[PDB]
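Printed here is input-v3.cif (mmCIF, C-alpha atoms):
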```
data_final
loop_
_atom_site.group_PDB
_atom_site.id
_atom_site.type_symbol
_atom_site.label_atom_id
_atom_site.label_comp_id
_atom_site.auth_asym_id
_atom_site.auth_seq_id
_atom_site.Cartn_x
_atom_site.Cartn_y
_atom_site.Cartn_z
ATOM 1 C CA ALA A 1 50.228 48.237 -22.348
ATOM 2 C CA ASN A 2 51.934 49.599 -19.227
ATOM 3 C CA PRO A 3 49.970 47.912 -16.423
ATOM 4 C CA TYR A 4 50.898 50.725 -13.985
ATOM 5 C CA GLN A 5 49.709 53.630 -16.154
ATOM 6 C CA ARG A 6 46.908 55.659 -14.608
ATOM 7 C CA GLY A 7 44.928 58.707 -15.531
ATOM 8 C CA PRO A 8 44.534 60.855 -18.628
ATOM 9 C CA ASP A 9 47.191 61.837 -21.113
ATOM 10 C CA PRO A 10 48.924 64.668 -19.227
ATOM 11 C CA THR A 11 49.184 68.394 -19.934
ATOM 12 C CA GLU A 12 50.760 71.423 -18.249
ATOM 13 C CA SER A 13 47.324 72.511 -17.051
ATOM 14 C CA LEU A 14 46.561 69.099 -15.529
ATOM 15 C CA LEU A 15 49.803 69.266 -13.549
ATOM 16 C CA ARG A 16 49.339 72.842 -12.360
ATOM 17 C CA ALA A 17 45.759 72.449 -11.068
ATOM 18 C CA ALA A 18 45.196 72.235 -7.313
ATOM 19 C CA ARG A 19 44.030 68.608 -7.691
ATOM 20 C CA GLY A 20 44.653 65.879 -10.192
ATOM 21 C CA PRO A 21 41.907 63.681 -11.624
ATOM 22 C CA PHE A 22 41.192 61.381 -8.603
ATOM 23 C CA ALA A 23 38.991 62.116 -5.616
ATOM 24 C CA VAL A 24 41.002 61.614 -2.416
ATOM 25 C CA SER A 25 40.179 59.823 0.835
ATOM 26 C CA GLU A 26 42.192 60.187 4.049
ATOM 27 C CA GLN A 27 42.985 58.139 7.147
ATOM 28 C CA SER A 28 44.671 59.300 10.337
ATOM 29 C CA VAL A 29 47.397 57.113 11.853
ATOM 30 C CA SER A 30 47.621 57.736 15.593
ATOM 31 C CA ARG A 31 50.996 57.866 17.279
ATOM 32 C CA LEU A 32 49.453 55.376 19.749
ATOM 33 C CA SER A 33 49.001 52.785 16.955
ATOM 34 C CA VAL A 34 52.455 52.398 15.353
ATOM 35 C CA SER A 35 56.101 51.952 16.271
ATOM 36 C CA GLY A 36 59.135 53.129 14.315
ATOM 37 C CA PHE A 37 57.600 56.491 13.318
ATOM 38 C CA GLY A 38 55.245 58.973 14.943
ATOM 39 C CA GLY A 39 52.077 58.176 13.025
ATOM 40 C CA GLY A 40 50.788 60.583 10.404
ATOM 41 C CA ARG A 41 48.148 60.687 7.716
ATOM 42 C CA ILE A 42 47.415 58.526 4.661
ATOM 43 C CA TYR A 43 45.893 60.034 1.510
ATOM 44 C CA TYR A 44 44.677 57.759 -1.279
ATOM 45 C CA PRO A 45 42.532 57.799 -4.428
ATOM 46 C CA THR A 46 39.039 56.738 -3.419
ATOM 47 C CA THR A 47 38.470 54.669 -6.519
ATOM 48 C CA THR A 48 39.838 51.148 -6.910
ATOM 49 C CA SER A 49 38.464 50.524 -10.390
ATOM 50 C CA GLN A 50 41.645 51.641 -12.190
ATOM 51 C CA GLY A 51 43.940 49.323 -10.214
ATOM 52 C CA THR A 52 46.366 49.612 -7.345
ATOM 53 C CA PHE A 53 48.696 52.596 -6.978
ATOM 54 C CA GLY A 54 52.312 53.149 -6.013
ATOM 55 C CA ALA A 55 53.010 54.850 -2.714
ATOM 56 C CA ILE A 56 55.264 57.553 -1.276
ATOM 57 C CA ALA A 57 56.249 58.293 2.311
ATOM 58 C CA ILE A 58 57.022 61.951 3.067
ATOM 59 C CA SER A 59 58.909 63.445 6.042
ATOM 60 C CA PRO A 60 58.839 67.011 7.388
ATOM 61 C CA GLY A 61 61.971 68.805 8.559
ATOM 62 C CA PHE A 62 63.678 69.572 11.872
ATOM 63 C CA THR A 63 61.290 71.163 14.442
ATOM 64 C CA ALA A 64 58.343 70.565 12.081
ATOM 65 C CA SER A 65 55.111 68.594 12.014
ATOM 66 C CA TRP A 66 53.455 66.933 9.030
ATOM 67 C CA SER A 67 51.161 69.980 8.804
ATOM 68 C CA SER A 68 54.141 71.918 7.398
ATOM 69 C CA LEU A 69 53.780 69.868 4.159
ATOM 70 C CA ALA A 70 50.175 68.732 4.378
ATOM 71 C CA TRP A 71 49.036 70.382 1.111
ATOM 72 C CA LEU A 72 51.129 67.701 -0.639
ATOM 73 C CA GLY A 73 48.957 64.905 0.698
ATOM 74 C CA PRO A 74 45.790 65.560 -1.271
ATOM 75 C CA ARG A 75 47.603 67.131 -4.192
ATOM 76 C CA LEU A 76 49.926 64.194 -4.870
ATOM 77 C CA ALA A 77 47.341 61.542 -3.992
ATOM 78 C CA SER A 78 44.832 63.081 -6.439
ATOM 79 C CA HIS A 79 47.200 62.201 -9.306
ATOM 80 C CA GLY A 80 46.983 58.502 -8.418
ATOM 81 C CA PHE A 81 49.303 57.733 -5.494
ATOM 82 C CA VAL A 82 48.967 56.593 -1.931
ATOM 83 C CA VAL A 83 50.752 59.135 0.282
ATOM 84 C CA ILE A 84 51.767 58.527 3.891
ATOM 85 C CA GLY A 85 52.872 61.800 5.466
ATOM 86 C CA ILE A 86 54.685 61.093 8.723
ATOM 87 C CA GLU A 87 55.157 62.710 12.058
ATOM 88 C CA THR A 88 58.592 61.821 13.390
ATOM 89 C CA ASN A 89 59.305 60.218 16.772
ATOM 90 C CA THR A 90 60.382 63.654 17.990
ATOM 91 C CA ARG A 91 60.654 66.986 16.152
ATOM 92 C CA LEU A 92 64.442 66.963 16.620
ATOM 93 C CA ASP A 93 65.220 63.631 14.948
ATOM 94 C CA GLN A 94 68.265 63.728 12.649
ATOM 95 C CA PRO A 95 68.346 62.834 8.920
ATOM 96 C CA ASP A 96 69.485 59.248 9.367
ATOM 97 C CA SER A 97 66.661 58.620 11.850
ATOM 98 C CA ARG A 98 64.119 60.225 9.499
ATOM 99 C CA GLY A 99 65.285 57.807 6.809
ATOM 100 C CA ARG A 100 64.575 54.813 9.028
ATOM 101 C CA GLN A 101 61.174 56.267 9.913
ATOM 102 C CA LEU A 102 60.240 56.744 6.238
ATOM 103 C CA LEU A 103 61.000 53.057 5.640
ATOM 104 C CA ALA A 104 59.020 52.071 8.752
ATOM 105 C CA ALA A 105 56.076 54.049 7.380
ATOM 106 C CA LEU A 106 56.249 52.296 3.994
ATOM 107 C CA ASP A 107 56.469 48.928 5.764
ATOM 108 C CA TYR A 108 53.432 49.786 7.897
ATOM 109 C CA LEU A 109 51.495 50.994 4.850
ATOM 110 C CA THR A 110 52.095 47.818 2.854
ATOM 111 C CA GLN A 111 52.154 45.200 5.625
ATOM 112 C CA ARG A 112 49.572 46.308 8.209
ATOM 113 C CA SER A 113 47.603 49.425 7.293
ATOM 114 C CA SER A 114 43.958 49.130 6.400
ATOM 115 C CA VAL A 115 44.693 50.514 2.902
ATOM 116 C CA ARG A 116 47.437 47.964 2.144
ATOM 117 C CA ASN A 117 45.341 46.260 -0.558
ATOM 118 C CA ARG A 118 45.207 49.534 -2.546
ATOM 119 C CA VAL A 119 49.033 49.818 -2.636
ATOM 120 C CA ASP A 120 51.382 48.089 -5.089
ATOM 121 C CA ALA A 121 54.110 47.106 -2.617
ATOM 122 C CA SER A 122 56.642 46.787 -5.470
ATOM 123 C CA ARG A 123 56.357 50.504 -6.421
ATOM 124 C CA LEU A 124 57.378 52.670 -3.484
ATOM 125 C CA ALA A 125 59.022 56.049 -3.044
ATOM 126 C CA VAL A 126 60.285 58.579 -0.488
ATOM 127 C CA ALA A 127 60.366 62.361 -0.234
ATOM 128 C CA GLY A 128 60.897 64.943 2.443
ATOM 129 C CA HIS A 129 61.803 68.519 3.335
ATOM 130 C CA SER A 130 65.068 69.708 4.892
ATOM 131 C CA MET A 131 66.316 67.016 7.322
ATOM 132 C CA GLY A 132 63.405 64.996 5.905
ATOM 133 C CA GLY A 133 65.056 65.416 2.524
ATOM 134 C CA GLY A 134 68.304 64.222 4.066
ATOM 135 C CA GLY A 135 66.307 61.268 5.361
ATOM 136 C CA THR A 136 64.962 60.673 1.844
ATOM 137 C CA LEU A 137 68.541 60.079 0.703
ATOM 138 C CA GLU A 138 69.195 57.847 3.724
ATOM 139 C CA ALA A 139 66.129 55.734 2.910
ATOM 140 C CA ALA A 140 67.185 55.374 -0.731
ATOM 141 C CA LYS A 141 70.690 54.388 0.379
ATOM 142 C CA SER A 142 69.226 51.655 2.592
ATOM 143 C CA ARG A 143 66.526 50.383 0.185
ATOM 144 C CA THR A 144 67.749 50.336 -3.400
ATOM 145 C CA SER A 145 64.441 48.861 -4.628
ATOM 146 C CA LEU A 146 62.694 52.212 -4.071
ATOM 147 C CA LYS A 147 61.414 53.480 -7.430
ATOM 148 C CA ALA A 148 61.689 57.243 -6.796
ATOM 149 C CA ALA A 149 63.213 59.659 -4.296
ATOM 150 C CA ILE A 150 62.479 63.399 -4.024
ATOM 151 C CA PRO A 151 64.618 65.296 -1.476
ATOM 152 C CA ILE A 152 63.155 68.804 -1.094
ATOM 153 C CA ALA A 153 65.529 71.545 0.110
ATOM 154 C CA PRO A 154 67.476 68.648 1.647
ATOM 155 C CA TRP A 155 69.791 69.073 4.622
ATOM 156 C CA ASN A 156 72.365 66.423 5.506
ATOM 157 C CA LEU A 157 75.946 66.461 6.778
ATOM 158 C CA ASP A 158 76.496 63.257 4.766
ATOM 159 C CA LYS A 159 77.316 64.674 1.351
ATOM 160 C CA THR A 160 77.872 61.574 -0.820
ATOM 161 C CA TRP A 161 75.349 58.971 -1.919
ATOM 162 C CA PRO A 162 77.069 56.362 -4.136
ATOM 163 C CA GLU A 163 74.825 53.520 -2.933
ATOM 164 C CA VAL A 164 71.652 55.162 -4.240
ATOM 165 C CA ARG A 165 70.263 53.431 -7.341
ATOM 166 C CA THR A 166 66.787 54.995 -7.228
ATOM 167 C CA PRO A 167 65.814 57.742 -9.725
ATOM 168 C CA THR A 168 66.273 60.897 -7.641
ATOM 169 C CA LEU A 169 64.923 64.422 -8.196
ATOM 170 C CA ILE A 170 66.410 67.021 -5.830
ATOM 171 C CA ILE A 171 64.403 70.250 -5.595
ATOM 172 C CA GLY A 172 66.450 73.136 -4.220
ATOM 173 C CA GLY A 173 65.752 76.780 -3.381
ATOM 174 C CA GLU A 174 68.207 79.157 -5.032
ATOM 175 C CA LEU A 175 68.367 81.482 -2.024
ATOM 176 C CA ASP A 176 68.073 78.841 0.718
ATOM 177 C CA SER A 177 70.224 79.936 3.681
ATOM 178 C CA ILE A 178 69.354 76.978 5.938
ATOM 179 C CA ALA A 179 70.342 74.166 3.543
ATOM 180 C CA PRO A 180 72.275 76.193 0.950
ATOM 181 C CA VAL A 181 72.221 74.446 -2.417
ATOM 182 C CA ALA A 182 75.973 74.962 -2.858
ATOM 183 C CA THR A 183 76.707 72.821 0.222
ATOM 184 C CA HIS A 184 73.707 70.428 0.425
ATOM 185 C CA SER A 185 71.540 69.921 -2.715
ATOM 186 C CA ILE A 186 74.224 70.289 -5.396
ATOM 187 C CA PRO A 187 76.906 68.153 -3.699
ATOM 188 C CA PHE A 188 74.248 65.482 -3.094
ATOM 189 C CA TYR A 189 73.255 65.624 -6.758
ATOM 190 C CA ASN A 190 76.814 65.354 -8.044
ATOM 191 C CA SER A 191 77.447 62.381 -5.755
ATOM 192 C CA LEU A 192 74.528 60.287 -7.132
ATOM 193 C CA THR A 193 76.861 58.465 -9.500
ATOM 194 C CA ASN A 194 74.855 55.207 -9.438
ATOM 195 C CA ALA A 195 71.323 56.601 -9.528
ATOM 196 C CA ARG A 196 69.608 55.158 -12.596
ATOM 197 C CA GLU A 197 68.413 58.678 -13.513
ATOM 198 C CA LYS A 198 68.569 61.961 -11.613
ATOM 199 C CA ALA A 199 67.612 65.615 -11.884
ATOM 200 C CA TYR A 200 68.168 68.861 -10.005
ATOM 201 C CA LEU A 201 65.413 71.505 -10.088
ATOM 202 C CA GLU A 202 66.433 74.865 -8.589
ATOM 203 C CA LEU A 203 63.603 77.289 -7.858
ATOM 204 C CA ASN A 204 64.486 80.890 -8.700
ATOM 205 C CA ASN A 205 64.819 83.235 -5.687
ATOM 206 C CA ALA A 206 63.250 80.614 -3.377
ATOM 207 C CA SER A 207 64.011 80.336 0.336
ATOM 208 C CA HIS A 208 64.219 77.180 2.448
ATOM 209 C CA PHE A 209 60.472 77.375 3.120
ATOM 210 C CA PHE A 210 59.151 77.147 -0.415
ATOM 211 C CA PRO A 211 57.503 73.738 0.222
ATOM 212 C CA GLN A 212 55.345 74.856 3.082
ATOM 213 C CA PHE A 213 53.079 76.635 0.570
ATOM 214 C CA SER A 214 51.355 75.288 -2.521
ATOM 215 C CA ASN A 215 53.862 75.680 -5.345
ATOM 216 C CA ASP A 216 52.690 74.660 -8.813
ATOM 217 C CA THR A 217 56.131 74.353 -10.421
ATOM 218 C CA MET A 218 57.387 72.218 -7.536
ATOM 219 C CA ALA A 219 54.289 70.026 -7.770
ATOM 220 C CA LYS A 220 54.525 69.720 -11.551
ATOM 221 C CA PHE A 221 58.018 68.262 -11.416
ATOM 222 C CA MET A 222 57.400 66.117 -8.356
ATOM 223 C CA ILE A 223 54.281 64.609 -9.959
ATOM 224 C CA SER A 224 56.043 64.092 -13.291
ATOM 225 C CA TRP A 225 59.007 62.382 -11.609
ATOM 226 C CA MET A 226 56.694 60.179 -9.552
ATOM 227 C CA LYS A 227 54.646 59.234 -12.623
ATOM 228 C CA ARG A 228 57.709 58.536 -14.756
ATOM 229 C CA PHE A 229 59.536 56.395 -12.216
ATOM 230 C CA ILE A 230 56.965 54.967 -9.769
ATOM 231 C CA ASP A 231 54.544 54.116 -12.590
ATOM 232 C CA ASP A 232 57.019 53.774 -15.510
ATOM 233 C CA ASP A 233 54.695 56.300 -17.142
ATOM 234 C CA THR A 234 56.706 57.494 -20.133
ATOM 235 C CA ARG A 235 53.956 59.976 -21.048
ATOM 236 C CA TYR A 236 55.356 62.191 -18.287
ATOM 237 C CA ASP A 237 58.857 62.271 -19.842
ATOM 238 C CA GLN A 238 57.617 65.095 -22.015
ATOM 239 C CA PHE A 239 57.970 67.377 -18.967
ATOM 240 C CA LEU A 240 61.437 66.103 -17.992
ATOM 241 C CA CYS A 241 63.340 65.573 -21.269
ATOM 242 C CA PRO A 242 64.536 67.732 -22.884
ATOM 243 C CA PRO A 243 65.039 69.608 -19.628
ATOM 244 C CA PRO A 244 63.083 72.827 -19.086
ATOM 245 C CA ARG A 245 64.824 76.114 -19.767
ATOM 246 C CA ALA A 246 66.226 77.881 -16.710
ATOM 247 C CA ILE A 247 63.927 80.909 -16.979
ATOM 248 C CA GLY A 248 61.093 82.314 -14.922
ATOM 249 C CA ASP A 249 60.697 80.359 -11.725
ATOM 250 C CA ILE A 250 63.506 77.885 -12.613
ATOM 251 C CA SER A 251 67.022 79.207 -11.921
ATOM 252 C CA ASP A 252 68.772 75.917 -12.814
ATOM 253 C CA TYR A 253 67.919 72.446 -14.048
ATOM 254 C CA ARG A 254 70.312 69.514 -14.392
ATOM 255 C CA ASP A 255 69.342 66.248 -16.021
ATOM 256 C CA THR A 256 70.333 62.797 -17.229
ATOM 257 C CA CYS A 257 68.142 62.710 -20.336
ATOM 258 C CA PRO A 258 67.392 60.321 -22.082
ATOM 259 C CA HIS A 259 65.444 58.336 -19.429
ATOM 260 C CA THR A 260 66.067 54.908 -20.936
#
```

Would you mind writing the file out in structure tokens?
Amino acid sequence: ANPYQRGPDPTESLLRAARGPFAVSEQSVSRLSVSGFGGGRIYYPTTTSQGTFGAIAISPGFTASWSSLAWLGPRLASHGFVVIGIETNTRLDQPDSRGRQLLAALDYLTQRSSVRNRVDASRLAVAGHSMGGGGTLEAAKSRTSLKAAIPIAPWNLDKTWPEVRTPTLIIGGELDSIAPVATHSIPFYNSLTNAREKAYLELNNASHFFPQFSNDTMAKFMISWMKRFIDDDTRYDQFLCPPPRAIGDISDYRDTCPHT
């Protein structure tokens, strides 16, 4: 009934496994071959029989390469998404620049890439770590048609985001000293007054570098948010609403349930 629904009815175990239910193919994008971002890598479900998929562009942080987040490529793509993980024009690009580069990557993916026919160009998303998470907010501010945004330990000197309409999940690290949640993540979250839905997931005792290593709780919520909002897949609301208890590896969760 939902034309964008993909994959089996979900469970906690399905979300916590190293791969979701789709085999993944990959394609390198050389820096020599694109303008407006530094190239990167595309990850996509090999099969086309279940339809096209939504897509997400993902940015690393200041000083970092895509390899700092590369485990996300196959893991997210294997749940039924096309992922373009970017290298930035230089390692020292600022958040606003990273936002423009995320949009340039989505435009390349849908307009020119050799996997464009696999992507539903109407169902796009952004995510990123640190300044890449700041850039995730910038991209959502510039492109209100984006269906999901996931800033991860985001860093940005711009603290307010009233233009953002996209459903936004901010994932923070409780003990982050580089982008402290009290001055980055939480102010961003409170400022998302026009986001259609939003959530804040705070990982107990986590440092700034929690995303550089496979993290099942992080992946569970990122995948659920992507499913719910990129695919309109209401089956994944079970993991989001009511909100999870702040226990174990979750030190805080803030929500806008119900997701109408």

task = List the residues selected by the PyMOL selection byres ((chain A and resi 70) around 10) in the file shown, writing them as a PyMOL selection string.
result = chain A and resi 41+58+60+65-69+71-75+85-86+211-214

ask   = Which residue gives the smallest distance to residue 101 in chain A among A:34, A:55, A:146, A:119, with all atoms listed in the file counted?
value = A:34

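In terms of minimum interatomic distance to residue 48 in chain A, A:117 ranks closest within A:117, A:11, A:2, A:166, counting all atoms listed in the file.
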
request  = Please measure the separation of CA of residue 173 in chain A and CA of residue 231 in chain A, giving the value in Å to one decimal.
outcome  = 26.9 Å

message = List as an MDAnalysis selection string the protein and nucleic acid residues near range 15-25 of chain A, meaning an atom at most 9 Å away when all atoms listed in the file are counted, but skip any in the same chain fewer than 4 places from it.
response = chainID A and resid 7:8 10:11 42:47 74:80 214:217 219:221 223:224

ask   = How many Å lie between CA of residue 87 in chain A and CA of residue 64 in chain A, rounded to one decimal?
value = 8.5 Å

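In this model, the gap between CA of residue 191 in chain A and CA of residue 83 in chain A comes to 27.6 Å.
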
inquiry  = So, with all atoms listed in the file as the atoms that count, which of A:234, A:130, A:204, A:160 lies closest to residue 248 in chain A?
reply    = A:204

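The closest residue to residue 4 in chain A, picked from A:52, A:172, A:151, A:32 and counting only C-alpha atoms, is A:52.
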
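Residue nearest residue 61 in chain A within the list A:28, A:205, A:111, A:136: A:136 [criterion: smallest interatomic distance, only C-alpha atoms].
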
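Among the candidate residues A:157, A:135, A:84, A:255, the one lying nearest to residue 97 in chain A is A:135, with distances computed using only C-alpha atoms.
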
Output as JSON the centre and edge lengths (Å, one decimal) of the box along x, y and z of the file that holds every listed atom of range 101-114 of chain A after adding 5 Å on each side.
```
{"center_x": 52.6, "center_y": 51.0, "center_z": 6.4, "size_x": 27.2, "size_y": 21.5, "size_z": 17.1}
```

inquiry  = Which residues, named as in the file, does the PyMOL selection byres ((chain A and resi 102-108) around 9) pick out? Answer as an MDAnalysis selection string.
reply    = chainID A and resid 34:37 39:40 55:59 84:86 88 97:101 109:113 116 121 124:127 132 135:136 139 142:143
